[PDB]
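Below you'll find the structure, written out as structure tokens, and then a few comments.
Only the coordinates and a few stated rules stand behind these numbers; no lab work does. Note that we place each Cβ from the backbone using ideal geometry, even for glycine, and neighbour counts take in every protein chain shown.
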Amino acid sequence: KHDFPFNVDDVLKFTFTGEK
Amino acid sequence: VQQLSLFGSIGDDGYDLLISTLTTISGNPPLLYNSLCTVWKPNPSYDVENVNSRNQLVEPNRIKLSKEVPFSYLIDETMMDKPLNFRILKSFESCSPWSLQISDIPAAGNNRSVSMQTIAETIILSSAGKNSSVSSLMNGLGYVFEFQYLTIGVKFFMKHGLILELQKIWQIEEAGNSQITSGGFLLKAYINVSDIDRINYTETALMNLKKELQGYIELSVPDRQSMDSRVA
Amino acid sequence: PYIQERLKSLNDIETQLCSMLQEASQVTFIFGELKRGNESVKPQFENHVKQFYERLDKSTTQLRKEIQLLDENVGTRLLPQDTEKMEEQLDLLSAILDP
Amino acid sequence: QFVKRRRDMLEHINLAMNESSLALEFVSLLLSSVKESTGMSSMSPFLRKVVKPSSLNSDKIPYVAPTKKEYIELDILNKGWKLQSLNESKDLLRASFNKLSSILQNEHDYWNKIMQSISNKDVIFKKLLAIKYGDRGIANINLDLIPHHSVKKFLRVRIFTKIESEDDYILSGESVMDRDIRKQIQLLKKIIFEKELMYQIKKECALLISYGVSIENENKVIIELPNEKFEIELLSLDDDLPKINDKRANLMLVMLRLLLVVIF
Amino acid sequence: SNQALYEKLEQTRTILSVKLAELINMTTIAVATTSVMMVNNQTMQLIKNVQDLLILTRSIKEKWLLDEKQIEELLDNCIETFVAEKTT
Amino acid sequence: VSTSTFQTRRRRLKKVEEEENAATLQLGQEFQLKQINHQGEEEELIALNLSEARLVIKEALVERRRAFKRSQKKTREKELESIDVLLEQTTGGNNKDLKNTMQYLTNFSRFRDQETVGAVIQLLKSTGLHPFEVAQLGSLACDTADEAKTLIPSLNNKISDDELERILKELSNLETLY
């Protein structure tokens, strides 16, 4: 009866050099 | 100044959980903030040797100008009447004072427990004269505008000077602002250090925060080369 | 509240377990009856014994699910003011001034 | 007595001990006869010394098993004994069921008074729950929290007025003192707050010793003025109708608390 | 860490049911006395398992459980009345 | 940093001298039976049969857990599980070599108790065979004196055919019925 987002480095790199 | 830091990230959906966690862990809810940064490089039309008066090699670098803006400049009409709190981020004559910064590529070393970056900064308070715009002043120094980005986020003040920023970044151009952080938030934990001791102590604070978030969100040392603003 | 609902469910589970125990007892005694040659209790023995297993099985299904709900609620419903004082006193003060 | 019961238990268990051990030793020697080889080493030293090597013997029989098979009564005895054991077990189980049922009554009463126990702010820690009010104190069954009349004190300020005999003052005014899980938090918060208030005041008064402010008792400071004096006392409800300065005493009191809030 | 609780609880349930049925088989069937002792053992283990379930439930439960002008005007009055400076 | 032994040897430059190893009891230059104690006294070779090896290692790994909790101050099937607990507590965890050795020893040991092992130790030591042979005799269960003298050729004529059968009888009895 019973059952058992994005690449951190790339983002930073942009803020420091502007490259996308 | 020496900035010791660790970075991480989360997608838009991880927001509320992270805010709730950081609020309990730090004892305070988040604080909304923004900043506009404009990056400048040596004028390419002008050319100078890359050496001292002492004939010593000098590497050309970018100069970063940063300030705040009143939040009202970032809220359009659709944004109108929405609690001006942490939740807002989801739905995304003379010159003014500016912070002028030149940074160095982080300290070298295999198996670094944190990123360590030297930062030379001075403060611009005001200007006067013919060409008083910050732009002219940068040109007068021999620099030109290269690019600029807006960052909006929330920060948390913690013990021992530890600061945590949950940020979103947008590059600004007439062609349009593009979200560098499209998808989520860039997480940053850092301490600014003006003696070896306080440096090893600061590392420990960051390491304990990393340890305390292990399992949930990971904080690591970014690649040195990704934190190098030298022109080339 | 939600936590109150969870606690209530858990308490219900406890009750279920208790029931299981009681019918275990019934089952034992009545098995003792059946071995002695009293078959009249065969309906009641097996009933209590089967109702036991059914109740125990129901509790197992209810308890295991409750544990799963707890794991799913981590970070969501479950963890992984002096301005209030001031308003009290001001209230108190204006009340003294204007009784 | 419980201890005596333990003595009884120990007694019985000891009897068991002796019996089984005896069996083992006998076995040991009987084996020491042939194998052994190392088997005799399990014999007690006194016994080993007492008996010379090579003890007992054995003989051959079949049909003790056949005689045992011939008599089937032992099986019936077994069945009956088993049945009896089953009965005793039944009674015991009924008892357990009742006891656990009542226990569940009280425990879920506790849990229900604890569902009624209301909030998520305060830190709770543990075989009994304790809250951190500030030290910590324990929740137990109405309901109450046990800390370490001992200290529950509020503060009232009384005002004394100097008179024309010019020698001494008299009392012209006094501030009134007014009388689930959240309500116990409320009282505990108002308690800590006032204890803080007296602490800080006492610290500030160190500066004011020259200005007519005297700190007399650890629970009391007196502020002396030419025609009046003020007492600020932190006191319990055991020690110690309107009048002239009651209103002013109440105001100085509310102002005091408000000043601490601003400090916060 | 909760998954461990789930595992322990499930194992406990299986153990309880199995021990119940198997004890029910063991009796009906000093050998008889030995059988009785074994029955006592199994039953006792089952009870202990119930207490274990109680411990789990308790663990779960514990897991669950663990303007300005108005003020300036009001103070203006308060301070006035308190000094009694008026005196005229 | 290559871990050294307890005995000395003359470097005759001719590396070409090493012989092979067999069941003519020609174990290494290292494992020959007259060998030397750390205290410098000459003691006999120690070869263990399993059961005996299983106990040595178990007894030793426990002596070690003790010491680690000290410094912290300032059924066969069941045993297979308990042992893997002891290892994660006392060994470096990367020790796959030891982890298999215990699973092996635990599954192939003929004698469980230190008493039983001692009984084998007593029995087999009157025969004065090589320590290597008594180890094999303690590890390999044999019924006939031929089985023994086939699986352990090192014997052949060291012990009699019938005296060896006596011993295999007493070993079979001491065998633990798990």
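Some notes on this structure:
- Apart from one condition, residue D:40 fits all of (1) among the aliphatic types (A, V, I, L, M); (2) part of a helix (DSSP H, G or I); (3) within 11 Å of chain E (Cβ to nearest Cβ); the exception is (3).
- Test result for residue E:23, assigned to a helix (DSSP H, G or I), facing another protein chain (nearest Cβ under 10 Å) and closer than 30 Å to residue D:72 by Cα: yes
- Only one entry in E:48, E:61 is surrounded by 17 or more Cβ atoms within 10 Å (Cβ to Cβ) and within 14 Å of chain D (Cβ to nearest Cβ), namely E:61.
- For the range D:152-181, a tally of residues being touching a helix residue (DSSP H, G or I) at 6+ places or on another chain (Cβ under 8 Å) and within 15 Å of residue D:191 (Cα to Cα) returns 5.
- Considering only residues in the range D:146-202 that are polar (S, T, N, Q) and loosely packed, with under 11 Cβ neighbours inside 10 Å, the one that is nearest to the chain's Cα centre (by Cα) turns out to be D:150.
- In the range F:68-91, the residue that is nearest to the chain's Cα centre (by Cα) out of those that are in a loop (DSSP other than H, G, I, E, B) and surrounded by fewer than 10 Cβ atoms within 10 Å (Cβ to Cβ) is F:75.
- Under the condition of being under 12 Å from residue F:24 (Cα atoms), among the polar types (S, T, N, Q) and under 21 Å from the mean Cα position of the chain (by Cα), the residues counted in the range F:148-165 number 1.
- Scanning the range D:28-63 for residues that are aromatic (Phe, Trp, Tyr) and within 55 Å of the chain's Cα centre (by Cα) yields a single hit, D:46.
- Any hit, the range D:64-78, residues being under 54 Å from the mean Cα position of the chain (by Cα), loosely packed, with under 10 Cβ neighbours inside 10 Å and within 14 Å of another protein chain (Cβ to nearest Cβ): yes
- Within the range A:1-19, the residues that satisfy the criterion of being more than 7 Å from chain B (Cβ to nearest Cβ), outside any helix (DSSP H, G or I) and under 29 Å from residue B:100 (Cβ atoms) are A:7, A:19.
- Failed criterion for residue C:95 (all others in (1) part of a helix (DSSP H, G or I); (2) surrounded by 12 or more Cβ atoms within 10 Å (Cβ to Cβ) hold): (2)
- Within the range D:231-251, the residues that satisfy the criterion of being buried (at least 19 other Cβ atoms within 10 Å of the Cβ), of a type outside the set (D, E, K, R) and within 11 Å of another protein chain (Cβ to nearest Cβ) are D:245, D:249, D:250, D:251.
- Residue list for the range D:233-244, filter: out of contact with any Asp or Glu (no Cβ under 8 Å at 6 or more places or on another chain) and assigned to a loop (DSSP other than H, G, I, E, B): D:236, D:237, D:238, D:239, D:240, D:241, D:242, D:244
A quick yes/no check of all residues on (1) hydrophobic (A, V, I, L, M, F, W, C); (2) touching a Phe, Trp or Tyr at 6+ places or on another chain (Cβ under 8 Å):
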position: D:100; (1), (2): yes, no
position: D:108; (1), (2): no, no
position: D:123; (1), (2): yes, no
position: D:132; (1), (2): no, yes
position: D:147; (1), (2): no, yes
position: D:200; (1), (2): no, no
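- Conditions (1) closer than 24 Å to residue F:117 by Cα; (2) within 11 Å of another protein chain (Cβ to nearest Cβ); (3) part of a helix (DSSP H, G or I); (4) of a type outside the set (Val, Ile, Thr): number failed by residue D:35: (3)
- Tallying residues that are among the acidic types (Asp, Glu) and either part of a loop (DSSP other than H, G, I, E, B) or buried (at least 19 other Cβ atoms within 10 Å of the Cβ) (or both) within the range F:97-155 yields 3.
- Among the candidates B:90, B:64, B:82, the residue that is basic (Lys, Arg) and within 30 Å of residue B:231 (Cβ to Cβ) is uniquely B:64.
- Among the residues making up the range D:9-32, those that are within 14 Å of chain F (Cβ to nearest Cβ) and among the polar types (S, T, N, Q) are D:28, D:32.
- Of the set (1) touching a helix residue (DSSP H, G or I) at 6+ places or on another chain (Cβ under 8 Å); (2) of a type outside the set (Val, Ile, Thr); (3) within 30 Å of residue E:44 (Cβ to Cβ), all apply to residue D:98 but (1).
- Where a residue in the range B:18-47 is within 27 Å of residue B:70 (Cα to Cα) and its partner, wherever it lies, is of a type in the set (S, T, N, Q), with Cβ under 6 Å and at least six apart: B:29/B:23; B:35/B:66; B:35/B:151; B:37/B:66; B:38/B:148
- Flag for residue F:94 being surrounded by fewer than 16 Cβ atoms within 10 Å (Cβ to Cβ) and either among the hydroxyl-bearing types (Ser, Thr, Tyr) or more than 26 Å from residue F:57 (Cα to Cα) (or both): no
- Put simply, of B:186, B:164, B:206 the only residue that is touching a helix residue (DSSP H, G or I) at 6+ places or on another chain (Cβ under 8 Å) and either within 12 Å of chain A (Cβ to nearest Cβ) or assigned to a helix (DSSP H, G or I) (or both) is B:186.
- Only a single criterion out of (1) within 30 Å of residue B:214 (Cβ to Cβ); (2) surrounded by fewer than 10 Cβ atoms within 10 Å (Cβ to Cβ) is not satisfied by residue B:20, namely (2).
- Screening C:69, C:97, C:79, C:92 for residues that are more than 10 Å from chain D (Cβ to nearest Cβ) and among the aliphatic types (A, V, I, L, M) leaves exactly one candidate, C:69.
- Single residue of the range E:1-28 satisfying the filter (surrounded by fewer than 13 Cβ atoms within 10 Å (Cβ to Cβ) and small (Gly, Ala, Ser)) that is farthest from residue D:77 (Cα to Cα): E:1
- Going through (1) polar (S, T, N, Q); (2) farther than 30 Å from residue D:114 by Cβ; (3) in a helix (DSSP H, G or I) one by one, residue C:38 falls short only on (3).
- Scan of the range B:70-125 for residues that are of a type in the set (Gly, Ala, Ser) and assigned to a loop (DSSP other than H, G, I, E, B), ordered by number: B:91, B:94, B:96, B:107, B:108, B:109, B:113
- Hits in the range C:1-35 - residues which are basic (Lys, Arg) and within 8 Å of chain D (Cβ to nearest Cβ): C:8, C:35
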